[PDB]
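Asker:
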Amino acid sequence: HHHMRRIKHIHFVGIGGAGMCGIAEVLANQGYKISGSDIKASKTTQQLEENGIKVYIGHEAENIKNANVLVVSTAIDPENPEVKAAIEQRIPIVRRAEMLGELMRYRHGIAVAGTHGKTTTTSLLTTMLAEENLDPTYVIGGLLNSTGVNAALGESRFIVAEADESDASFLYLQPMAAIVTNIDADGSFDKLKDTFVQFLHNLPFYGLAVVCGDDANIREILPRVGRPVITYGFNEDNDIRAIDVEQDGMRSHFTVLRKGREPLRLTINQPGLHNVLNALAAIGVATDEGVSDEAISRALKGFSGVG
Ligand SMILES: Nc1ncnc2c1ncn2[C@@H]1O[C@H](COP(=O)(O)OP(=O)(O)NP(=O)(O)O)[C@@H](O)[C@H]1O
Ligand SMILES: [Mg+2]
Ligand SMILES: [Mg+2]
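Residues 16 to 201, 208 to 328, numbered by the entry's author numbering, are exactly what the sequence shown covers, in order.
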């Protein structure tokens, strides 16, 4: 991937906050100098230090020394001393989602959205690409148990990332493929559906959206999407269907049907009908990306979960 013009030192304000340390880890593995700051030392900050990322405790204006850009979680608060010093010194400040957007530039990015099941689905799809030997970069909002990290840099073109709908963060992403697991109510619910539509409009006109056709709210916004859509679910009118579902204690067995493919029997190593649906979402993108049946089966059968 190309260098970012004149960016050598990136400083994360609130690096112990959610979503921040995974981006910092990927950028660090790419060769950027990564520093950060946070209110209180934590298991996240103690660890970031262990991989060479200096993590100041307490926000002092001097913590942004030598930084070329600052990363904040969502909004820019001028009352924060590091933020205020950066504005005084004309240092750029971007939100986390915009920095994640830049990791997708020049990559084949897959953004996993939905109200529930993003972390699980992102993990499943990442494992499927790993099993196909496609070494993906990934950014998960949780510990991938198979690797022991939230996020890692891969050498392939792929990056799989959680796409957060809160604060409309995911509109800063420019993916080549997207998942929407569900759109659940519990601003207004109508604005929220609009933003999911906007998110999919960020796909290129030829990009793929894999969405759960069992969800009535997803079904409602499909006429507005204007991109290639593949629906998954249990219902009969889905492009991708799990049938013959058997809940077997901590494991589930099902058959996935896919247009132009022979029926495929699978076992997912996690309980719950929602995780069969999450696996269908990952299967959808993985199939389109060329992942073999064997890689999909191995990934699902032995799935170590997300911490
Ligand atoms: N498809 C689903 N539909 C509804 N609930 C689900 C689904 N998948 C998982 N869950 C539930 O959501 C909980 C958290 O799952 P997770 O995969 O971390 O979701 P997320 O979309 O990443 N959530 P958040 O990042 O907190 O907005 C799970 O432990 C389940 O209780
Ligand atoms: Mg949430
Ligand atoms: Mg999550």
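Where a beta carbon is used, it is the ideal one built from N, C-alpha and C, also for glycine.
For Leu144 and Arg245, I'd like the C-alpha separation in whole angstroms.
Answerer: Whole-angstrom Cα-Cα distance: 30 Å.
Asker: At the level of alpha carbons, what is the spacing between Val306 and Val195?
Answerer: Looking at the two C-alpha atoms, the distance is approximately 11 Å.
Asker: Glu177 bridges to which residues according to DSSP?
Answerer: Paired residue(s): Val127.
Asker: Of the residues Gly132, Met114, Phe226, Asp182, which one's Cα is nearest the Cα of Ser209?
Answerer: Among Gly132, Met114, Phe226, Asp182, the Cα nearest to that of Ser209 is on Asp182.
Asker: As an exercise, report each continuous alpha helix (DSSP H) stretch of at least 4 residues that is fully enclosed by the segment 133-161, in chain order.
Answerer: The qualifying runs are 133-146.
Asker: Should the segment 64-73 be called in touch with the segment 33-47, which here means at least 3 C-beta pairs below 8 Å?
Answerer: In short, these stretches touch, since the Cβ pair count reaches three.
Asker: Counting by C-beta, which residues lie closer than 5 Å to a heavy atom of ligand 3, in chain order?
Answerer: Those residues, listed in chain order, are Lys133, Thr134, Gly156.
Asker: For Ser181, is the beta carbon positioned less than 7 Å from some heavy atom of ligand 2?
Answerer: For ligand 2, at least one heavy atom lies less than 7 Å from the Cβ of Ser181.
Asker: Which of the three DSSP states is assigned to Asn95 in this structure?
Answerer: Correct three-state label for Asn95: coil.
Asker: Is there contact between the segment 185-201 and the segment 152-160, where contact requires at least three CB pairs shorter than 8 Å?
Answerer: Because the criterion of three Cβ pairs below 8 Å is not met, the segment 185-201 and the segment 152-160 do not touch.
Asker: Comparing alpha-carbon positions, which option in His16, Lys280, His24, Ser138 lies nearest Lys80?
Answerer: Here the closest residue by C-alpha is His24.
Asker: Please return the same chain residues whose Cβ sits closer than 8 Å to the Cβ of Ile22, not counting the five positions on each side in sequence.
Answerer: Excluding sequence neighbours, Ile22 sits near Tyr47, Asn83, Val84.
Asker: Excluding the 5 residues flanking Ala316 on each side, which residues of the same chain have their C-beta closer than 7 Å to its C-beta?
Answerer: Closer than 7 Å at Cβ, skipping near neighbours: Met143, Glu146, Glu147.
Asker: Between the Cα of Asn299 and the Cα atoms of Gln268, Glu310, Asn197, which residue gives the shortest distance?
Answerer: It is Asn197.
Asker: Less than 8 Å between the C-beta atoms of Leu294 and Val277, yes or no?
Answerer: No, Cβ-Cβ distance for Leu294 and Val277 is not below 8 Å.
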